Amino acid sequence: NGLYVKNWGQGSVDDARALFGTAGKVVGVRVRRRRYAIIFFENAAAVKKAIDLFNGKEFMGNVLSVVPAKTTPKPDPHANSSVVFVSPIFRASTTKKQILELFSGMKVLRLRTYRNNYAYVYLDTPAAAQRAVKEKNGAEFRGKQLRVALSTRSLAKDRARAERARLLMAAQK
Amino acid sequence: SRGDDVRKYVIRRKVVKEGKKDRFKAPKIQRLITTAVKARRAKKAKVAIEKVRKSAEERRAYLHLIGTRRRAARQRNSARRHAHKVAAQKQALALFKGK
Amino acid sequence: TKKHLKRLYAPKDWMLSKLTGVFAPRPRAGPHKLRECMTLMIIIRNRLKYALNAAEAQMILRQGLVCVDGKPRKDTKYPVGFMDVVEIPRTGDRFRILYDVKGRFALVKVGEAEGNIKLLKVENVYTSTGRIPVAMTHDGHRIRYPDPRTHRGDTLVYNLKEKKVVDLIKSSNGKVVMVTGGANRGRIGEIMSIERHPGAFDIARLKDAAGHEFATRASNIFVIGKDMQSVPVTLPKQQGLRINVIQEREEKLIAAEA
Amino acid sequence: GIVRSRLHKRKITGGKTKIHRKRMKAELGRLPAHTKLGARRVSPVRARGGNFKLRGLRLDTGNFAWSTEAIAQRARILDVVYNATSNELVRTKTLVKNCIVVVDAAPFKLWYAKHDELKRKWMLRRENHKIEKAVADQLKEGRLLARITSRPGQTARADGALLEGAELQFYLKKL
Amino acid sequence: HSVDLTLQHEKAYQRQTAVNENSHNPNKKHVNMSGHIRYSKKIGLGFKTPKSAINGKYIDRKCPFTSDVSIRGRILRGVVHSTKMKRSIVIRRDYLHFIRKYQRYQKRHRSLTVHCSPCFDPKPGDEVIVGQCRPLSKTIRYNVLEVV
RNA sequence: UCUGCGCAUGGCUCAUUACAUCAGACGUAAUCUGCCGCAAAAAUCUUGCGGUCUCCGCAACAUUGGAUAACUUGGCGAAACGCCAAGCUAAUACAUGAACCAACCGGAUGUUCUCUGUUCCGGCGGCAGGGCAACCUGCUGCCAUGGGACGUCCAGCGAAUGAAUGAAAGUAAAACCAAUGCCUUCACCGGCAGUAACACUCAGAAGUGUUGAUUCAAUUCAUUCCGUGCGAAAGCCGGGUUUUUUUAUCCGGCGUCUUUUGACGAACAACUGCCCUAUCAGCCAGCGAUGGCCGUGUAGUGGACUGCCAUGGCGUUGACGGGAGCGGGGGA
RNA sequence: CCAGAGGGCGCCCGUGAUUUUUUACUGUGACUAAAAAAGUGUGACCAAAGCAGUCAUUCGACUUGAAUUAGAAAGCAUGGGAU
């Protein structure tokens with residue numbers, strides 16, 4: 001797959017640099033509507049290279065961004081829902097909602113797996129403030145130091161997922 | 001004792017010759033610890049850890065490569081399975097609607 | 001322990017004469033074997049002609065003005081076998097030794113960034129202590145941490161500017177390949193097939209360009225590149241094609257009429 | 001001197017080799033080292049590899065191993081019961097590979113009793129384990145029969161493995 | 001386990017030194033010899049392993065199947081001259097030498113000794129295949145891979 | 001003159017010598033290997049000062065110790081590439097010794113306390129009663145398939161022994177038993193959509209060594225090694241910066257220990273071939289002849305060798321013995 | 001980022017053969033020191049010889065030449081299938 005430059009150019013210097021840096025190896029930069037480009041290489045050598053680079057690109061006066069294939073990503077993990085987890089939280093039982101109590105806020109959650117030191121908990125959007133207290137610290141419960149943090153994923157979908165799971169079982173049989 | 005030079009306290013044995021000006025014969029110190037010698041020893045101390053560290057670093061990189069390959073392998077053999085499973089079963093039970 | 005060599009018992013790929021002298025140099029042990037190597041003194045004196053005498057070769061080398069593998073050498077006798085880059089920076093010239101067609105040592109002249117490239121055939125792979133894998137080569141070089149896809153008898157592209165190994169090339173399938181030893185030296189062709197005889201030497205059949213197939217031992221295969229348009233390194237004077245005896249003689253005459 | 005060669009020996013045809021060559025130092029016997037019991041004494045010899053090999057004289061201790069549980073402990077060599085090669089050897093209590101022997105047996109006892117946090121590990125190890133009867137009787141008394149599975153005459157260390165049921169039952173009956 | 005005294009007649013015992021088979025288990029009981037611990041080794045030049053080696057009982061340290069004895073460069077063929085000796089046979093190769101002056105061949109035979117594995121026991125006149133192993137006696141250098 | 005390296009190569013000569021030696025082809029998974037090449041390296045409780053008990057507290061280009069030649073002095077002997085005593089003094093000779101720097105990887109664990117299993121089939125400890133002293137009964141406390149926190153000990157390379165590892169390729173029904181995960185509810189209810197590994201700090205920091213073939217490479221665990229293994233040469237010489245040179249400001253070139261494997265060689269074994277002679281036809285085993293079994297020895301395989309057991313091995317396709325002869329490439 | 005269909009090569013292993021199958025010989029090919037011999041080029045003045053040299057015309061060119069064949073058995077691979 002091919003990647004997506006964002007936050008540069010507009011373009012002018014963009015376009016110039018796009019056809020200046022072809023080839024050896026250096027992709028080619030297809031400038032677009034606003035301030036971003038598609039960058040077409042198909043192999044997925046491109047996804048590996050993009051990590052270790054910050055050469056083969058300049059800016060006119062902008063912060064560069066090299067983003068994976070779709071336009072958006074980072075706002076989605078950051079915000080809109082939460083979603084929360086807590087890791088120092090091994091095995092040896094606290095119990096249930098003593099967990100929830102400690103972190104305040106409203107329910108719903110579980111711990112997993114055997115592995116290890118995390119539990120995962122769904123609380124709305126405003127929990128952004130709550131975790132920004134306990135990651136900042138905090139720093140103890142039981143015999144071990146802590147951190148909490150985020151990225152989003154479900155839900156969204158997870159409830160409808162497991163719904164369609166129980167549904168699937170009956171269908172199969 | 002220590003903290004005090006040994007370098008001007010070497011024996012100075014005057015030797016005397018006719019028709020040539022007199023000389024002073026005095027020994028080298030071969031066990032003298034000097035700027036140079038000490039500098040070198042410091043460099044030994046530093047580099048002896050460095051190499052061993054860098055070997056380890058290379059190892060950590062190499063093992064990651066093995067990991068990436070076995071990762072993408074896993075990813076495919078999960079992918080193919082999970083895709084075919086649901087698509088198959090769906091198609092089967094949908095064919096019974098028109099049957 | 002042998003420390004003397006006689007001109008006749010020495011290779012005549014070094015192109016010594018029957019008369020003049022009685023001895024030839026026996027080189028110090030190193031990357032390459034006695035028959036396949038060519039000693040420093042031979043090169044400098046009899047070919048390049050920066051020396052007219054033995055003593056003059058000591059003068060140049062002991063001092064140091066000569067590098068091989070990009071390392072400077074103070075060695076009077078050292079082997080130079082195959083795929084070795086030698087550089088005299090005083091001239092500013094970079095030679096890459098190879099096998100020329102007709103069994104001759106080639107000395108081929110390369111762009112400066114090609115002289116940092118080198119190709120080493122792998123002989124064994126094995127795991128050493130700490131689980132650290134090792135490819136041991138035909139030049140005795142130890143490549144730490146080779147790729148997990150490495151096999152015996154494959155080539156590893158080797159940067160001499162700073163020591164490491166970029167992507168490999170395999171002996172698999174049809175690929176542009178050249179011969180080492182066996183008196184098909186310097187002849188280049190595709191691998192047509194690889195025969196197996198277990199417990200014995202494995203024949204391989206090569207087909208050079210403009211047909212004319214032939215057979216050589218697996219051991220004598222040394223890979224060059226993926227394809228003839230993907231080669232990383234230069235060819236010697238002839239392209240890796242031999243010609244019939246008649247045509248040799250014909251062309252020798254044609255040029256002699258000038 | 002002493003040599004190892006086929007060139008002082010008869011052929012398959014019953015004829016005799018004829019010489020033309022004085023003996024090499026490459027071929028080279030040396031006199032056998034005699035490992036017995038008593039105070040440890042070790043006399044090195046230099047060998048062709050540029051390294052030393054050690055002539056065990058009078059080793060009275062060995063590093064012994066118990067099969068199946070993957071362990072080992074040192075203990076004292078007391079007696080030699082038996083040997084394949086000769087009876088003569090056994091009487092002088094020479095130690096050479098594949099002699100059955102007798103050992104102190106004390107550390108093995110000690111170990112096997114160890115085979116609050118501790119306490120439940122024991123109960124788990126007691127489970128799915130058993131031992132041969134002829135073993136345990138001896139191990140109770142504080143003597144055991146073992147075999148010396150390293151050659152002591154060229155390393156000057158005597159290591160052995162302890163007999164287990166199949167093989168133990170044979171050597172026992174030979175006594 | 002327990003002794004098998006059919007094999008044994010030795011003052012040294014005999015054990016297989018590759019793999020411990022002397023462990024006591026009930027997993028060597030109610031079975032002929034199949035469940036008993038063995039060592040087995042393939043010969044990869046196209047010499048298929050016998051049944052006997054794999055499932056057997058026999059203890060020999062001078063055959064490639066139950067030992068670390070290895071098969072190397074030369075492989076020859078020859079008949080059986082005699083079956084005499086214990087675990088040693090006598091093979092006779094026969095070939096033809098040529099003489100240029102008379103333009104005519106002659107018959108010349110190498111009478112050779114070999115160590116025959118206790119797996120095989122070929123009759124006189126049978127043909128044998130034999131490999132290249134490390135020295136095993138004064139005369140014996142060979143071993144029996146297969147029998148026809 | 002001490003030290004290091006070489007002198008075993010070249011050169012010269014054919015006496016022995018016929019399953020020898022050599023030539024072509026082949027193996028050493030049966031072994032050694034200085035110099036040379038590419039490389040590897042995390043064990044180490046040390047040094048200095050002050051007080052002070054041989055004990056502590058600090059500090060950290062590590063700041064180490066002791067002799068011996070030339071020489072000097074007395075000399076000896078007929079001579080001797082023969083030698084003696086005393087006094088000297090060097091090291092990349094010899095003997096010691098490196099904390100901090102220090103990563104990563106586990107196991108044994110502890111009469112350390114913190115969560116814990118809302119029960120009893122088992123165990124352990126204490127107390128009371130009876131006792132044939134073997135044992136039984138009653139009561140109380142702790143532990144039972146678990147993870148954290150803290151303390152302690154072993155951990156490197158090379159070598160020895162035992163044990164494990166060094167994959168696999170003989171169809172797909174669906175609980176029956178315990179542990180346990182995920183999905184799911186509120187629950188220790190229900191249920192199997194998801195799944196490398198994953199009850200921690202790494203959500204990929206080896207689930208996978210090379211070979212036709214391995215008891216090999218390598219990894220793990222348990223005990224070891226005792227000098228006969230392992231110094232960063234406690235080493236030397238330069239280039240500068242930068243004036244104060246004479247300074248922990250930096251860099252370069254040499255030199256050495258151990259480990260590792262290519263090369264140069266060393267040492268074994270075998271496939272095929274070799275002049276005349278029968279007025280040389282039987283040869284071989286007490287004291288090894290042929291083989292098996294266990295050891296011993298060697299760098300290593302092996303009747304190479306000891307002990308035990310077996311009775312074989314070779315021969316008119318010329319064994320054995322004798323005569324002539326270094327073998328081959330090659331000469332006429 | 002194709003459900004199904006037979007598949008088509010490559011790789012490794014397992015299983016199956018009423019009796020698999022070999023060799024001499026021959027063709028081709030591998031693998032094989034130099035000196036010596038046969039041989040190609042070349043005016044060392046010729047010649048036994050040697051592997052050299054030759055040319056413009058200068059501050060080098062020839063991509064300078066130094067080919068190639070044979071070399072008993074025995075061993076190696078692969079065609080052929082009469083004797």
# chains A, B, ... in the order shown; residues from 1 in each chain; ligands from 1
>>> interface_residues(of="chain E", to="chain F", cutoff="9 Å", atoms="only C-alpha atoms (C1' of nucleotides)", output="count of residues only")
39
>>> closest_atom_pairs(of="chain E", to="chain D", cutoff="10 Å", atoms="only C-alpha atoms", output="JSON lines")
{"residue": "E:1", "atom": "CA", "partner": "D:166", "partner_atom": "CA", "distance": 4.3}
{"residue": "E:2", "atom": "CA", "partner": "D:166", "partner_atom": "CA", "distance": 4.3}
{"residue": "E:3", "atom": "CA", "partner": "D:166", "partner_atom": "CA", "distance": 5.3}
{"residue": "E:4", "atom": "CA", "partner": "D:166", "partner_atom": "CA", "distance": 8.6}
{"residue": "E:5", "atom": "CA", "partner": "D:170", "partner_atom": "CA", "distance": 8.9}
{"residue": "E:8", "atom": "CA", "partner": "D:170", "partner_atom": "CA", "distance": 9.2}
{"residue": "E:10", "atom": "CA", "partner": "D:84", "partner_atom": "CA", "distance": 8.3}
{"residue": "E:11", "atom": "CA", "partner": "D:84", "partner_atom": "CA", "distance": 5.1}
{"residue": "E:12", "atom": "CA", "partner": "D:84", "partner_atom": "CA", "distance": 4.6}
{"residue": "E:13", "atom": "CA", "partner": "D:170", "partner_atom": "CA", "distance": 7.2}
{"residue": "E:14", "atom": "CA", "partner": "D:167", "partner_atom": "CA", "distance": 8.7}
{"residue": "E:15", "atom": "CA", "partner": "D:167", "partner_atom": "CA", "distance": 8.0}
{"residue": "E:20", "atom": "CA", "partner": "D:67", "partner_atom": "CA", "distance": 9.4}
{"residue": "E:21", "atom": "CA", "partner": "D:166", "partner_atom": "CA", "distance": 8.3}
{"residue": "E:22", "atom": "CA", "partner": "D:166", "partner_atom": "CA", "distance": 5.0}
{"residue": "E:23", "atom": "CA", "partner": "D:164", "partner_atom": "CA", "distance": 6.5}
{"residue": "E:24", "atom": "CA", "partner": "D:165", "partner_atom": "CA", "distance": 6.2}
{"residue": "E:25", "atom": "CA", "partner": "D:130", "partner_atom": "CA", "distance": 9.8}
{"residue": "E:138", "atom": "CA", "partner": "D:6", "partner_atom": "CA", "distance": 8.5}
{"residue": "E:139", "atom": "CA", "partner": "D:12", "partner_atom": "CA", "distance": 8.1}
>>> write_last_selection(atoms="C-alpha atoms", output="compact mmCIF listing (two decimals), in the first residue's frame")
# COMPACT_ATOMS: atom_id res chain seq x y z
CA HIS E 1 13.03 -51.61 34.01
CA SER E 2 13.88 -55.32 33.96
CA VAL E 3 16.57 -57.42 32.31
CA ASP E 4 16.31 -59.30 29.04
CA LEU E 5 18.74 -62.16 29.54
CA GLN E 8 23.04 -60.92 27.74
CA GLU E 10 28.49 -60.63 28.95
CA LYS E 11 30.43 -59.79 32.09
CA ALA E 12 30.08 -56.10 31.28
CA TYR E 13 26.36 -55.98 30.49
CA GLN E 14 25.39 -54.29 27.22
CA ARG E 15 23.43 -51.08 26.98
CA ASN E 20 18.76 -44.30 28.05
CA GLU E 21 16.60 -47.43 27.83
CA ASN E 22 17.28 -48.50 31.42
CA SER E 23 14.57 -46.28 32.97
CA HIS E 24 11.75 -48.09 34.77
CA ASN E 25 8.37 -47.44 33.25
CA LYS E 138 42.41 -54.32 11.63
CA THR E 139 40.96 -55.32 8.25
>>> select_by_dssp(residues="region 9-231 of chain C", states="strand (DSSP E or B)", output="PyMOL selection string")
chain C and resi 23-24+38-39+67-68+71-72+79-80+85-88+93-99+105-109+117-128+132-137+142-144+155-159+164-169+176-179+188-194+203-207+213-217+221-223
>>> closest_atom_pairs(of="chain F", to="chain A", cutoff="9 Å", atoms="only C-alpha atoms (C1' of nucleotides)", output="CSV")
residue,atom,partner,partner_atom,distance
F:114,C1',A:143,CA,7.6
F:115,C1',A:92,CA,6.2
F:116,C1',A:93,CA,7.6
F:146,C1',A:92,CA,7.4
F:147,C1',A:92,CA,5.3
F:148,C1',A:143,CA,6.5
F:149,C1',A:143,CA,5.6
F:181,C1',A:113,CA,6.7
F:182,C1',A:113,CA,7.8
F:183,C1',A:162,CA,6.7
F:184,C1',A:162,CA,8.2
F:191,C1',A:166,CA,7.8
F:192,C1',A:169,CA,8.5
F:193,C1',A:165,CA,4.7
F:198,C1',A:115,CA,6.3
F:199,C1',A:114,CA,4.7
F:200,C1',A:116,CA,5.7
F:201,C1',A:88,CA,8.8
F:203,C1',A:115,CA,8.6
>>> write_last_selection(atoms="C-alpha atoms (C1' of nucleotides)", output="PDB file, in the first residue's frame")
ATOM      1  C1'   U F 114       0.316  -8.370  51.212  1.00  0.00           C
ATOM      2  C1'   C F 115      -3.880  -9.653  48.499  1.00  0.00           C
ATOM      3  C1'   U F 116      -6.454 -15.198  48.938  1.00  0.00           C
ATOM      4  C1'   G F 146      -3.024 -18.638  42.773  1.00  0.00           C
ATOM      5  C1'   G F 147       0.486 -13.071  42.025  1.00  0.00           C
ATOM      6  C1'   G F 148       2.658  -9.368  44.098  1.00  0.00           C
ATOM      7  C1'   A F 149       6.258  -6.682  47.458  1.00  0.00           C
ATOM      8  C1'   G F 181      -9.073 -17.953  28.644  1.00  0.00           C
ATOM      9  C1'   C F 182     -12.151 -15.110  25.887  1.00  0.00           C
ATOM     10  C1'   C F 183     -17.676 -13.430  24.811  1.00  0.00           C
ATOM     11  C1'   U F 184     -21.786 -12.234  28.000  1.00  0.00           C
ATOM     12  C1'   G F 191     -22.184 -19.460  25.600  1.00  0.00           C
ATOM     13  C1'   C F 192     -17.675 -20.418  22.157  1.00  0.00           C
ATOM     14  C1'   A F 193     -17.544 -15.196  17.894  1.00  0.00           C
ATOM     15  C1'   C F 198       2.118 -13.581  26.432  1.00  0.00           C
ATOM     16  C1'   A F 199      -0.768 -14.331  35.381  1.00  0.00           C
ATOM     17  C1'   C F 200       4.061  -8.085  34.638  1.00  0.00           C
ATOM     18  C1'   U F 201       7.294  -3.738  33.334  1.00  0.00           C
ATOM     19  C1'   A F 203       0.568  -6.559  23.666  1.00  0.00           C
TER      20        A F 203
END
>>> residues_around(residues="residue 41 (chain D)", least_positions_apart="3", cutoff="12 Å", atoms="only C-alpha atoms (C1' of nucleotides)", output="MDAnalysis selection string")
chainID D and resid 33:38 44 54:61 153 156:157
>>> select_by_dssp(residues="region 21-170 of chain D", states="alpha helix (DSSP H)", output="MDAnalysis selection string")
chainID D and resid 87:92 106:112 117:126 133:141 165:170
>>> write_last_selection(atoms="N, CA, C and O atoms", output="short mmCIF file (atom, residue, chain, number, x, y, z; two decimals), in the first residue's frame")
data_model
loop_
_atom_site.label_atom_id
_atom_site.label_comp_id
_atom_site.auth_asym_id
_atom_site.auth_seq_id
_atom_site.Cartn_x
_atom_site.Cartn_y
_atom_site.Cartn_z
N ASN D 87 39.39 -59.58 37.34
CA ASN D 87 39.18 -59.65 38.77
C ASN D 87 40.31 -58.96 39.47
O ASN D 87 40.08 -58.27 40.47
N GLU D 88 41.54 -59.07 38.93
CA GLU D 88 42.78 -58.52 39.46
C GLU D 88 42.68 -57.05 39.77
O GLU D 88 43.05 -56.61 40.86
N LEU D 89 42.15 -56.27 38.79
CA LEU D 89 41.85 -54.86 38.86
C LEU D 89 41.03 -54.50 40.07
O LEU D 89 41.45 -53.66 40.86
N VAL D 90 39.88 -55.19 40.26
CA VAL D 90 38.90 -55.00 41.32
C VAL D 90 39.51 -55.07 42.70
O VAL D 90 39.12 -54.32 43.60
N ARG D 91 40.46 -56.02 42.91
CA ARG D 91 41.12 -56.23 44.18
C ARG D 91 42.03 -55.10 44.59
O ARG D 91 42.24 -54.88 45.78
N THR D 92 42.58 -54.34 43.61
CA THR D 92 43.48 -53.24 43.86
C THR D 92 42.66 -51.97 43.89
O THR D 92 43.14 -50.92 44.33
N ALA D 106 25.30 -40.22 50.90
CA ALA D 106 24.72 -39.25 51.82
C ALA D 106 24.03 -38.10 51.12
O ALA D 106 22.85 -37.94 51.40
N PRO D 107 24.62 -37.28 50.23
CA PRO D 107 23.95 -36.12 49.63
C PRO D 107 22.67 -36.43 48.90
O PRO D 107 21.80 -35.56 48.85
N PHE D 108 22.52 -37.66 48.35
CA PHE D 108 21.37 -38.07 47.57
C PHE D 108 20.16 -38.19 48.45
O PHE D 108 19.09 -37.69 48.11
N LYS D 109 20.31 -38.87 49.63
CA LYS D 109 19.36 -38.92 50.73
C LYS D 109 18.81 -37.55 51.08
O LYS D 109 17.62 -37.30 50.92
N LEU D 110 19.73 -36.63 51.46
CA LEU D 110 19.51 -35.25 51.84
C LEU D 110 18.65 -34.52 50.84
O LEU D 110 17.65 -33.90 51.21
N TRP D 111 19.06 -34.57 49.55
CA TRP D 111 18.38 -34.03 48.40
C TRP D 111 16.96 -34.50 48.29
O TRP D 111 16.07 -33.69 48.06
N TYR D 112 16.72 -35.82 48.42
CA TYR D 112 15.44 -36.43 48.13
C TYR D 112 14.37 -36.08 49.15
O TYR D 112 13.18 -36.14 48.85
N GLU D 117 5.87 -21.85 51.73
CA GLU D 117 6.00 -21.80 50.29
C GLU D 117 6.68 -23.02 49.70
O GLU D 117 6.26 -23.51 48.65
N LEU D 118 7.77 -23.49 50.36
CA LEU D 118 8.45 -24.75 50.12
C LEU D 118 7.52 -25.93 50.14
O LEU D 118 7.48 -26.70 49.18
N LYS D 119 6.76 -26.09 51.25
CA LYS D 119 6.00 -27.26 51.62
C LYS D 119 5.11 -27.83 50.54
O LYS D 119 5.01 -29.04 50.41
N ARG D 120 4.41 -26.96 49.76
CA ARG D 120 3.48 -27.43 48.75
C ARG D 120 4.18 -27.87 47.48
O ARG D 120 3.65 -28.71 46.75
N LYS D 121 5.41 -27.36 47.22
CA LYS D 121 6.26 -27.80 46.13
C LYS D 121 6.59 -29.25 46.27
O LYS D 121 6.53 -30.00 45.29
N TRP D 122 6.92 -29.69 47.51
CA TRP D 122 7.16 -31.06 47.89
C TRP D 122 6.03 -31.97 47.50
O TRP D 122 6.25 -32.95 46.80
N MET D 123 4.79 -31.63 47.92
CA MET D 123 3.59 -32.41 47.67
C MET D 123 3.30 -32.61 46.20
O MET D 123 2.75 -33.64 45.81
N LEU D 124 3.62 -31.59 45.37
CA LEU D 124 3.54 -31.64 43.93
C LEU D 124 4.58 -32.57 43.31
O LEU D 124 4.30 -33.23 42.31
N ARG D 125 5.80 -32.62 43.89
CA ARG D 125 6.89 -33.44 43.40
C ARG D 125 6.75 -34.88 43.84
O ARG D 125 7.09 -35.78 43.08
N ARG D 126 6.21 -35.13 45.07
CA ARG D 126 5.80 -36.44 45.54
C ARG D 126 4.81 -37.10 44.60
O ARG D 126 4.83 -38.32 44.43
N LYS D 133 12.76 -50.33 43.95
CA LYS D 133 12.80 -50.84 45.30
C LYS D 133 14.22 -51.13 45.68
O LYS D 133 14.65 -50.70 46.75
N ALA D 134 14.98 -51.83 44.80
CA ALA D 134 16.37 -52.18 45.03
C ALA D 134 17.27 -50.98 45.23
O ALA D 134 18.23 -51.06 45.99
N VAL D 135 16.93 -49.83 44.60
CA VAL D 135 17.53 -48.53 44.82
C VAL D 135 17.35 -48.11 46.26
O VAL D 135 18.33 -47.96 46.98
N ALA D 136 16.08 -47.93 46.68
CA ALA D 136 15.69 -47.29 47.92
C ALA D 136 16.20 -47.99 49.16
O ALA D 136 16.54 -47.32 50.14
N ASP D 137 16.30 -49.34 49.14
CA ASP D 137 16.83 -50.17 50.21
C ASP D 137 18.27 -49.81 50.52
O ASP D 137 18.65 -49.63 51.67
N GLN D 138 19.08 -49.69 49.45
CA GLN D 138 20.47 -49.33 49.49
C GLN D 138 20.61 -47.91 49.94
O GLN D 138 21.37 -47.63 50.86
N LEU D 139 19.84 -46.98 49.32
CA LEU D 139 19.84 -45.56 49.61
C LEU D 139 19.46 -45.26 51.04
O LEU D 139 19.93 -44.27 51.61
N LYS D 140 18.60 -46.10 51.67
CA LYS D 140 18.30 -46.08 53.08
C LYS D 140 19.52 -46.36 53.91
O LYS D 140 19.87 -45.56 54.77
N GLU D 141 20.22 -47.50 53.64
CA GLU D 141 21.40 -47.93 54.37
C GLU D 141 22.51 -46.90 54.33
O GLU D 141 23.18 -46.69 55.34
N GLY D 165 17.10 -49.42 37.39
CA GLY D 165 16.60 -50.76 37.63
C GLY D 165 17.10 -51.83 36.70
O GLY D 165 17.69 -52.80 37.17
N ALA D 166 16.92 -51.63 35.37
CA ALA D 166 17.24 -52.58 34.32
C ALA D 166 18.65 -53.10 34.41
O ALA D 166 18.89 -54.30 34.37
N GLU D 167 19.62 -52.16 34.50
CA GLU D 167 21.03 -52.45 34.51
C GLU D 167 21.49 -52.87 35.88
O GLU D 167 22.30 -53.78 35.98
N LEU D 168 20.95 -52.26 36.97
CA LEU D 168 21.28 -52.54 38.36
C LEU D 168 21.07 -53.99 38.68
O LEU D 168 21.94 -54.63 39.26
N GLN D 169 19.92 -54.54 38.23
CA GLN D 169 19.50 -55.91 38.42
C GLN D 169 20.45 -56.92 37.83
O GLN D 169 20.49 -58.07 38.28
N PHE D 170 21.26 -56.52 36.82
CA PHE D 170 22.21 -57.39 36.18
C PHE D 170 23.46 -57.50 37.02
O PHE D 170 23.87 -58.60 37.35
#
>>> atom_distance(atom1="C1' of residue 206 (chain F)", atom2="CA of residue 81 (chain B)")
25.7 Å
>>> interface_residues(of="chain C", to="chain E", cutoff="10 Å", atoms="only C-alpha atoms", output="MDAnalysis selection string")
chainID C and resid 197:200
